[PDB]
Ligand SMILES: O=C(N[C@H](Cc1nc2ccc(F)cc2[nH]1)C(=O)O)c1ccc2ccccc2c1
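Just one chain is shown here, as structure tokens, and it is the form deposited without this ligand.
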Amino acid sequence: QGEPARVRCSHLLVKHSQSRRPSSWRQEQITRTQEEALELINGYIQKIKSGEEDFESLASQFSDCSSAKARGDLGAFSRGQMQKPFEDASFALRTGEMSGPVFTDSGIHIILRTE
């Protein structure tokens, strides 16, 4: 009750060979396994938690989503606009919180709720 109509999120996507589209601006063919993507995701999370790296800086360098060009920013979205697992994870975050690994048809994500 009272939920905001929209949230704004940045994310870092690591695709794998069973992503809906196993290709990105980084690689014409993404051949890593889902487990390898999860290992990379957990490595990125650790780098962010330790303060060695900034979330948006990692997303701009390493996210397999075209939103890497926007430093991970997807913009604001309402319910029904993102894939259900991503939507649910996003709306479950408090503003400024970062998720753990989120599994979608696109790959594995880290999500940072920015608004």
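From 1 onward, residues are counted along the sequence shown.
Asker: May I ask you to compare 49-57 and 24-32 by their mean CA B factor in the entry and name the higher one?
Answerer: According to the PDB entry, the answer is 49-57.
Asker: Compare the mean C-alpha B-factor of 12-20 with that of 98-106 as given in the PDB entry, and name the stretch with the higher value.
Answerer: Per the PDB entry, the higher value belongs to 98-106.
Asker: Per the coordinate record, which of the options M82, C65, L40, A89 holds the highest CA temperature factor?
Answerer: Across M82, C65, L40, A89, the entry lists the biggest C-alpha B-factor for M82.
Heads up, the form deposited with this ligand bound isn't pictured, but that's what we're talking about next.
Asker: Only one of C65, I48, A89, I41 gets a heavy atom within 4.5 Å of this ligand in the bound PDB entry. Which one?
Answerer: The option sitting close enough to the partner is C65.
Asker: Against this ligand in the bound PDB entry, would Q83 count as a contact residue? Criterion: heavy atoms within 4.5 Å.
Answerer: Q83: contacts this ligand in the bound PDB entry.
Asker: Is there a non-hydrogen atom of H16 within 4.5 angstroms of a non-hydrogen atom of this ligand in the bound PDB entry?
Answerer: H16: no, not in contact with this ligand in the bound PDB entry.
Asker: According to a 4.5 angstroms non-hydrogen atom cut-off, is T104 in contact with this ligand in the bound PDB entry?
Answerer: Yes, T104 lies within 4.5 Å of this ligand in the bound PDB entry.
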